[PDB]
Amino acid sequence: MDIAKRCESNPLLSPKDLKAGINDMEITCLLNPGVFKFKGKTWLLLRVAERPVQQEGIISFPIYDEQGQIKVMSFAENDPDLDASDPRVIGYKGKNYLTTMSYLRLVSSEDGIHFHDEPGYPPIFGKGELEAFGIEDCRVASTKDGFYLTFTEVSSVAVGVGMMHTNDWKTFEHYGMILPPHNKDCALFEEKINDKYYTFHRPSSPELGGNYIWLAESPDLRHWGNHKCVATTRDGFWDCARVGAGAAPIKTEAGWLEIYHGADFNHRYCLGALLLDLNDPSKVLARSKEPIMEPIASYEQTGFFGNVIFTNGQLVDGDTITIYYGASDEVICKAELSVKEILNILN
C-alpha cells in the first residue's frame, strides 16, 4: 500500500550531525522540517529539540524563567506526583511541561541531500510568554508576496499557532498568535481563492469533538474566521485517533491535493491523501481509504512510543512530489511521490 520512494541516503540529517544551538545542551531530535527554495539552494527549516545530558532516574529539561534566561527543571522518575507515561509531554501536580525545547534552524543544499548551515542565517528562537516552551513544526508557504511561516507556539497556557513573514530569511515580521489553543498543524494555502486567503488547521476538543482537520479564511492573513470542519477521524481505520494537514495543498486539475497525516491509539503515524474542491476547499471530493505511506523502513521504527512519519514541507516538480519528513521524531528523511498515481487511487 506504500507508494513512496525513499532516498537511498535516508537518514539525511541526525542529531549528532549538527552542533548544539543552546548553551550546555545536547541535540535530541531533528524532525518535521519546512521546505522551500531560495538563492537556487533547497532549504530546510528544521525543528531542533534540545535538552541537558540526562542523569539516571532524573528527567531534566530547559525552560525560560521570569528574567527570560534558560533554566533547568528536574523531576525524579520515581516521584509519585510525576506522570511521564508520555515522554514528549509530562505532568507534575496538574501543570504540564515539555521534555525538550524546540527552535527553528535553517540548512541549505545544492543537490538536496547534503545539508549544512549557512553563515549569516541564524536560527529562530521563541520570544514572549506564548513561545516560552519553544516553537515547532513550521510550514513554509512560498507566495508572490514572500515566505509565510505557520508554526506551533507552546507555553504553559497554550499550544497555539503563530505566523511570521520574511523575504530574505534574515528580517522577520511577527503577526502573533493567529489561532488560539488548542491548535496546530497550520497549512497556509500558497495562493488566494476568490480574493481570500485559506488555511488548514487542527484544533483539539476535550469533549464534543476530537482532532479533526479544519478550514479558515482571512482577508489580511492576520485575522481568521468562518471556520469549517473539513475531515474528521474514522473509527476502525488507521486514522482513528487523530488527523492533521501537512504542507500546503497542491493545485491540480482534479482539485486541491493535500498530503495529510493520521495516527491510531498506538501512536502509529501514516500519510494519506485528501482531494478538495477548488472553489470550496471545505468540501471533500475524494479521500484515500488506505495510507499512501507507512513507517516501513528501519529508521522509521526507532521511536520511543511508536512508528512515526510526519511531513510538513515538500517540493513539486510536475508529477514528482519531493517530501521531507521526520522519522521516529529523531532524524530527517526524504522521499518521492507521484501526483498521477495518487489521483489514480482516488477513483
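Numbers for residues come from their place in the sequence shown, where the first is 1.
Student: Taking the recorded C-alpha temperature factors, which stretch has the higher mean, 89-97 or 111-119?
Tutor: 111-119 has the higher mean C-alpha B-factor.
Student: Looking only at CA atoms, which has the higher mean B factor in the entry: 260-268 or 177-185?
Tutor: Per the PDB record, 260-268.
Student: Would the CA B-factor of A132 place it in the lowest, middle or highest third of its chain?
Tutor: For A132, the deposited C-alpha B-factor lands in the lowest third.
Student: Please place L208 in the lowest, middle or highest third of its chain by C-alpha B factor as given in the entry.
Tutor: Tercile = lowest for this residue's CA B-factor.
Student: Check where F38 lands among this chain's C-alpha B-factors and tell me if it's the lowest, middle or highest third.
Tutor: For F38, whose C-alpha B-factor we compare with every modelled residue in the chain, the answer is the middle third.
Student: Comparing against every modelled residue in the chain, figure out the third that the C-alpha B-factor of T311 lands in (lowest, middle or highest).
Tutor: For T311, whose C-alpha B-factor we compare with every modelled residue in the chain, the answer is the middle third.
Student: Using only modelled residues of the chain, where does the Cα B factor of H227 rank: lowest third, middle third or highest third?
Tutor: Its C-alpha B-factor belongs to the lowest third of this chain's values.
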